[PDB]
*Asks:* 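What follows is a single structure, and I will ask about it in a moment.
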Amino acid sequence: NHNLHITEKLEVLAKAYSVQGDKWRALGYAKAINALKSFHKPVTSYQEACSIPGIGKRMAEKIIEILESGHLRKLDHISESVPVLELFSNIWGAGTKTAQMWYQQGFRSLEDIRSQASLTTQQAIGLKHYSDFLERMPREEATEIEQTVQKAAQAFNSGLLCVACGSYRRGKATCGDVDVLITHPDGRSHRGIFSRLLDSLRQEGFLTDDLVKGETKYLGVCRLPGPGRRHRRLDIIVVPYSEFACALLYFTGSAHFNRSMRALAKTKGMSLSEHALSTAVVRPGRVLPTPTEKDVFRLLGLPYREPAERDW
DNA sequence: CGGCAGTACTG
DNA sequence: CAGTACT
DNA sequence: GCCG
Ligand SMILES: [Mg+2]
Ligand SMILES: [Mg+2]
Ligand code: NA
Ligand code: NA
Ligand code: NA
């Protein structure tokens with residue numbers, strides 16, 4: 001990134017708007033920052049600034065103050081609440097509205113939350129794993145967690161396919177959590193496994209807490225056996241084989257990649273989800289056949305991108 | 001002016 | 001439903 | 001915040 005001196009200031013304002021709930025302004029900042037991060041040259045002109053997609057007048061103006069001044073004055077006026085709102089919304093299950101409510105109620109520290117706040121079941125689990133959930137794990141450990149899930153799943157039906165998606169599949173050296181997609185080529189035997197599979201993982205001691213337990217998605221907490229291990233977030237999704245390519249695509253991400261591809265699909269009168277790519281979408285349409293990820297790219301008129309170049 | 005991805009859970 | 005979360 |  002040629003524009004660290006720019007984007008590092010912008011990131012502070014983006015995070016500030018985010019934790020304060022100004023989601024769309026933060027979105028604009030987030031995209032500007034990637035746009036700036038993916039420019040070849042340092043931005044050295046206001047008009048050069050407006051040249052890059054995702055940078056407007058207001059944003060070029062800030063990039064200008066940074067290069068002429070070395071600083072961005074708006075940084076000096078960020079509310080004193082922002083570090084606390086960030087502290088609070090880093091609890092899994094607490095977002096901006098909960099953080100703002102806790103702040104208005106006078107809480108300022110996790111000790112205040114622990115001792116005085118009313119916590120949802122999810123938030124109490126998030127709080128007890130506060131540090132662990134802020135840490136990314138080495139890739140090798142994500143491999144171990146995926147293989148733990150796969151072996152428990154293959155014990156029940158050997159035909160079950162399990163693949164770790166998310167940052168793992170995009171090839172990253174560290175992973176925030178582990179994202180495992182499960183299906184079955186029979187198109188049928190994926191059904192009803194969760195009860196058995198989760199109980200198998202739980203009976204082993206691997207699964208330590210459940211956050212979400214849906215008919216298709218599980219979000220929870222695991223910890224590998226032995227010393228020196230931290231608790232890690234684990235997401236598992238079980239899908240029908242007919243949806244495998246769109247489910248793989250969604251679950252591999254990145255999030256910004258998914259949103260950009262879904263926006264593209266919408267411009268073309270299509271709709272893309274983790275269930276299907278649909279066409280003739282009136283704004284339900286027809287589901288288009290997508291046996292592989294490449295089919296999704298092709299039907300959208302895009303060159304195929306391997307998971308590693310989806311890391312937007 | 002107004003969308004900015006589309007969906008699944010929770011209570 | 002509003003809130004939060006997954007990519 | 002940006003953009004159609
Ligand atoms: Mg992940
Ligand atoms: Mg995840
Ligand atoms: Na631009
Ligand atoms: Na949170
Ligand atoms: Na207090």
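As a basis for the values below, the full set of heavy atoms in this structure was taken, side chains included, without hydrogen atoms, waters or symmetry mates. Order of the sequence lines fixes the chain letters, A, B, ..., with proteins taken first and strands second; residue numbering starts at 1 for each chain.
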*Asks:* Compare side-chain N and O positions of A/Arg259 against OP1 and OP2 of B/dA5 and report whether any pair is under 4.0 Å apart.
*Replies:* yes

*Asks:* A/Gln122 side chain: which of B/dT10, D/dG1, B/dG6 is closest?
*Replies:* B/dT10

*Asks:* Could you check whether the rings of A/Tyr218 and A/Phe194 sit parallel, tilted or perpendicular, using 30° and 60° as the cut-offs?
*Replies:* tilted

*Asks:* May I ask you to classify the sugar pucker of C/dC1 as north or south from its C1'-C2'-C3'-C4' sign?
*Replies:* north

*Asks:* In whole Å, what is the span from the CD1 atom of A/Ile55 to the P atom of D/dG1?
*Replies:* 12 Å

*Asks:* Distance check: side-chain N/O of A/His275 vs OP1/OP2 of B/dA8, anything under 4.0 Å?
*Replies:* yes

*Asks:* Would you mind reading off the distance between A/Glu243 atom CD and B/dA8 atom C1', rounded to a whole angstrom?
*Replies:* 13 Å

*Asks:* Residues in side-chain contact (heavy atoms from CB on, under 4.5 Å) with A/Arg229, at least two apart?
*Replies:* A/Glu141, A/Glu144, A/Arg223, A/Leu224

*Asks:* Rounded to the Å, how far apart are A/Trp24 CH2 and B/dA5 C1'?
*Replies:* 9 Å

*Asks:* Report the C-alpha separation of A/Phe88 and A/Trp102 in whole Å, then their side-chain angles, then the decisive distance to 0.1 Å, and conclude whether the ring-ring contact (aromatic ring centres under 6.0 Å, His included) test is met.
*Replies:* CA-CA 8 Å; A/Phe88 291 172; A/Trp102 284 339; 5.7 Å; yes

*Asks:* Using the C1' atom as the reference point in each nucleotide, state the distance between D/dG1 and B/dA8 in Å, no decimals.
*Replies:* 28 Å

*Asks:* Round to the nearest Å and state the distance from A/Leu249 atom CG to B/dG6 atom P.
*Replies:* 14 Å

*Asks:* When the distance from CG of A/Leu219 to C1' of B/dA8 is rounded to whole Å, what number comes out?
*Replies:* 9 Å

*Asks:* Rounding to an integer number of Å, can you tell me how far A/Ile33 CD1 sits from D/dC2 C1'?
*Replies:* 13 Å

*Asks:* Report the residues that fulfil side chain to side chain donor-acceptor pair (under 3.5 Å) with A/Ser79, sequence neighbours left out, ordered by chain and then residue number.
*Replies:* A/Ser81

*Asks:* Ring pair (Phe, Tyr, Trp, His ring centres under 6.0 Å) with A/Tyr250: which residues, sequence neighbours excluded?
*Replies:* none

*Asks:* Quick check for you: name the first and last nucleotides of DNA chain C, 5' to 3', having an atom under 4.0 Å from a heavy atom of chain A.
*Replies:* C/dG3 to C/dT7

*Asks:* What is the separation between atom CG on A/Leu264 and atom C1' on B/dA5, rounded to the nearest whole Å?
*Replies:* 12 Å

*Asks:* Quick one: side chain to side chain donor-acceptor pair (under 3.5 Å) partners of A/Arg108, sequence neighbours excluded?
*Replies:* none

*Asks:* Choosing from B/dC9, B/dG6, B/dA5, which nucleotide comes nearest the side chain of A/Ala263?
*Replies:* B/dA5

*Asks:* Considering residues at least two apart in sequence or located in another chain, which fulfil the side-chain contact (heavy atoms from CB on, under 4.5 Å) criterion with A/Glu243?
*Replies:* A/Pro240, A/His275

*Asks:* Rounded to the nearest Å, what distance is computed from the OH atom of residue A/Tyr17 to the P atom of nucleotide D/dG1?
*Replies:* 4 Å

